[PDB]
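Novice: So I pulled this structure from the PDB, and the sequence comes with it:
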Amino acid sequence: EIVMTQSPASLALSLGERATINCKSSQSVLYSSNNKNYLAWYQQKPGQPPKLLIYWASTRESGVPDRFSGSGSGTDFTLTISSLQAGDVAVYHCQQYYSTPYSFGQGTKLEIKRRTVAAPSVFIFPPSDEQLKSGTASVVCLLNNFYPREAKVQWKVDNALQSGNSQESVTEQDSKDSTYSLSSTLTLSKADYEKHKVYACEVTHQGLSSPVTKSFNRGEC
Amino acid sequence: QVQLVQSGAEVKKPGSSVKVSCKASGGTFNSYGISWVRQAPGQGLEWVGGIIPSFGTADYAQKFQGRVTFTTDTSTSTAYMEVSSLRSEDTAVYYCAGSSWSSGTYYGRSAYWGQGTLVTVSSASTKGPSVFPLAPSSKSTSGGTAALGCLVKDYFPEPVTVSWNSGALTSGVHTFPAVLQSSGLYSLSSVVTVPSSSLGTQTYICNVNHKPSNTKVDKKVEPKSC
Amino acid sequence: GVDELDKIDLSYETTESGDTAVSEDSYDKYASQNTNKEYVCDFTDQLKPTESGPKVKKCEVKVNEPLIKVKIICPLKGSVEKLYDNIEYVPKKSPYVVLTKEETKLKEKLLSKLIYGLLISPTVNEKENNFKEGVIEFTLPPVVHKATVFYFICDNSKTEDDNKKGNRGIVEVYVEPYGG
Ligand code: NA
């Protein structure tokens, strides 16, 4: 079996820079009777199937821009993305189809390093009355379109710091402004929710000069 | 406009068998090499095997010996992958892909990909989600921009898909990756930022699809007077 | 039917008889050895230096059914001491490049352009599918729409041993349309 290996595993570069992604096969994939390297490159954006970019190590698929360039021969191959754009954030995969079992590299995650930070806009959502009929209260704190990815979100219920009852989820880097977004969900029983008044999420992030609190009082509006 | 359309996600018991279909539109696959490629959570791509429907011949990765069968129905131009004796490790998105023929191989140009089928190997039962509004208000208003959304709670297995206004609203949408709760059920939310002045006159509806339970919900998210 | 990478030598030309001065009436023609859907031309006992040499040994591969694997074995130089020292195979890029007939001459062609959908894999049993490994192989598709005839040369006629000359081997693959 041919082992494929990519390096680096992850790449974070600024807009306009040149990305270089290497791929090595453990045996040669160059067939001497047609002088072809049996080597493909794919781009995979989150939620999507892989998309073929390069085949025969250097031939571009229809529609792929010329900034994407495959090179190399034998066992050593390189995908070069010139003049990096915000929409190029993806995982990039190399594959050999020289002989079965076909095999892939482990993938290279490419992200955009923004020069400047972006502060989140922060929103808080009380639990709906319809969720309270199911016996549970979810309180949602939304952090929209921030950079860098690192952020601290702390829940306070009647100014008591909460632990163990919240979960966060974070999007992939945005293909237009290279930011991230984040939700934190606090989960309480309806009975615990109705014993307390002030619900607050406090957000710490490099884009904010000091931590920001969004809050509501239960039953008030 | 060749298109590969796969069968829906399902949870399957450990030890059972799953059959995933992949139907080609834009004609037959009789000159195509079909590959099956899986992607486990957090992992790279892994070749399962391949079949050339013209030739009736199939190749398989050693890991799948005696467990995977590729078939085709040329009448309906549908390829099938059956995986038996399912293990927890078989939980993955399974893709079919097609490549046209060139230069003596059916696998030089795998440009056509199905959307993927998530097979979850678990004893836990299918559960459809409940959909709750994240209503816009003053505590969800910044400048002349408001945020609103839908909370999709307590489903199994993955995935749910969410659109807004039957796909007419795309700008400013964030649909978050699902979180596995301590209950062992998934939850996600989908949010969008809209103009605050739009809230009294424009209707916002999240369309939530959970194919494993045949759950289809449209939920209007209404403003508070707050 | 050709992509942007594939090239052949359009200057190259030869003939079936080559330099042997043997006319086509005098060829030793015989059928390939066919077991199930594998059709084999084995030249390991056909081309060694003989008294009457050079002779022309012409192996005929006749195809009119689906999924025939064609296999051609040409003895390597130095595989036997002395007896194949000047053996040559044509085309060097077989089976991807073959010879076809152009006005009594043999010229290079791409086999992929001749037969749509056939299998030419880069390796067979972990060895490169090229005559430098001594054997080539290709598999014909379920449906052939266009008739074709193409050639390979395995020539030992320039090997001499004890006042004997080796023989010139010819493969003629005749594909008739099938599967319509
Ligand atoms: Na002839």
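Specialist: Structure's in. What do you need? Numbering: from 1, shown residues only, chains lettered A, B, ... in the order given.
Novice: Going by C-alpha atoms from here, please, whenever you check contacts or count neighbours.
Specialist: Will do.
Novice: for the residue nearest the centre of chain A, phi and psi?
Specialist: Geometric centre of chain A, nearest residue: residue A:172, 2.7 Å, by CA atoms, centre = their mean. Torsion angles at residue A:172 (phi, psi; degrees, to the nearest 10) stand at phi -60, psi 160.
Novice: Quickly check: whichever helix or strand residue C:113 is part of near chain A or not.
Specialist: Counting by DSSP states H and E, the element that carries residue C:113 is helix C:111-114. No - figure legend: helix C:111-114 not in contact with chain A (CA under 8 Å from any CA of the partner chain); closest approach 10.7 Å.
Novice: what does that helix contact?
Specialist: For helix C:111-114, the external contacting residues (CA atoms under 8 Å, 6 or more residues apart in numbering or on different chains) are B:102, B:103, B:104, C:1, C:2, C:95, C:96, C:97, C:98, C:118, C:146, C:148.
Novice: related to what we said a few turns ago, pretty sure the residue nearest to the centre of chain A contacts residue A:180?
Specialist: Yes - Residue A:172 lies in contact with residue A:180 (CA atoms under 8 Å); the separation is 6.3 Å.
Novice: Against residue B:63, how distant is the residue nearest to the centre of chain A?
Specialist: In this structure, residue A:172 and residue B:63 are 31 Å apart, going by CA to CA, to the nearest Å.
Novice: next one: residue A:105
Specialist: Relative to residue B:63, residue A:105 is positioned 17 Å away (CA to CA).
Novice: More neighbours: the two, which one.
Specialist: Remark: of residue A:105 and residue B:63, residue A:105 carries more neighbours, 23 against 9, as counted by other CA atoms under 10 Å in any protein chain shown.
Novice: Next, the more buried one: phi, psi?
Specialist: According to degrees, to the nearest 10, residue A:105 has phi -70, psi 180.
Novice: do residue B:143 as well
Specialist: Here the main-chain torsion angles of residue B:143 (degrees, to the nearest 10) amount to phi 60, psi -130.
Novice: out of the contacts of helix C:111-114, who's near chain A?
Specialist: Checking the contacts of helix C:111-114 against chain A (CA under 8 Å from any CA), the matches are C:95, C:96, C:97.
Novice: didn't the first one look like it was pressed against residue C:121?
Specialist: It stands for residue C:95. No - counting by CA under 8 Å, residue C:95 does not reach residue C:121; the two are 9.7 Å apart.
Novice: nearest spatial neighbour of residue A:151, skipping sequence neighbours?
Specialist: Distance criterion CA to CA, 6 or more residues apart in numbering or on different chains; nearest residue to residue A:151, sequence neighbours excluded, is residue A:205 at 5.1 Å.
Novice: Quick one: residues contacting the one you found.
Specialist: So residue A:205 contacts A:119, A:120, A:150, A:151, A:152, A:211 (CA under 8 Å, 6+ apart).
Novice: please redo it, this time with the cut-off set to 7 Å
Specialist: A:119, A:151, A:152 (CA atoms under 7 Å, 6 or more residues apart in numbering or on different chains).
Novice: Return the distance of the residue nearest to the centre of chain A relative to residue A:149.
Specialist: Distance from residue A:172 to residue A:149, by CA to CA: 10 Å.
Novice: Not counting its own residues, what contacts stretch C:135-142?
Specialist: B:54-55, C:66-74, C:95, C:117-120, C:129-130, C:179.
Novice: The chain - how does it break down into domains?
Specialist: Assuming you mean chain A. A:4-112, A:121-217 (curated CATH domains).
Novice: The intended chain is chain B.
Specialist: Domain assignment of chain B by curated CATH domains yields the ranges B:3-121, B:130-221.
Novice: circling back to that earlier point, compare residue C:95 and residue C:121 and say which is more crowded by neighbours.
Specialist: Neighbours per residue (other CA under 10 Å) separate residue C:95 from residue C:121, with residue C:95 holding more: 28 against 21.
Novice: list the contacts for residue 178?
Specialist: No chain was given, so I picked chain A. A:86, A:112.
Novice: You answered for a different chain; I wanted chain C.
Specialist: Residue C:178 neighbours (CA under 7 Å, 6+ apart): C:64, C:65, C:66, C:143, C:144, C:145.
Novice: which ones are touching the third one?
Specialist: Contact criterion CA under 7 Å, 6+ apart gives C:140, C:141, C:142, C:143, C:178, C:179 as the residues in contact with residue C:66.
Novice: and if you look at the fifth one?
Specialist: By CA under 7 Å, 6+ apart, residue C:144 lies in contact with C:115, C:177, C:178, C:179.
Novice: which residues does the second one contact?
Specialist: In this structure, residue C:177 makes contact with C:64, C:144, C:145, C:146, C:147, judged by CA under 7 Å, 6+ apart.
Novice: List the single closest residue to the last one in space, sequence neighbours excluded.
Specialist: I take that to be residue C:147. residue C:176 (4.9 Å).
Novice: Verify the contact between the one you found and residue C:61 for me.
Specialist: No - applying CA atoms under 7 Å, one finds residue C:176 not in contact with residue C:61, separated by 11.0 Å.
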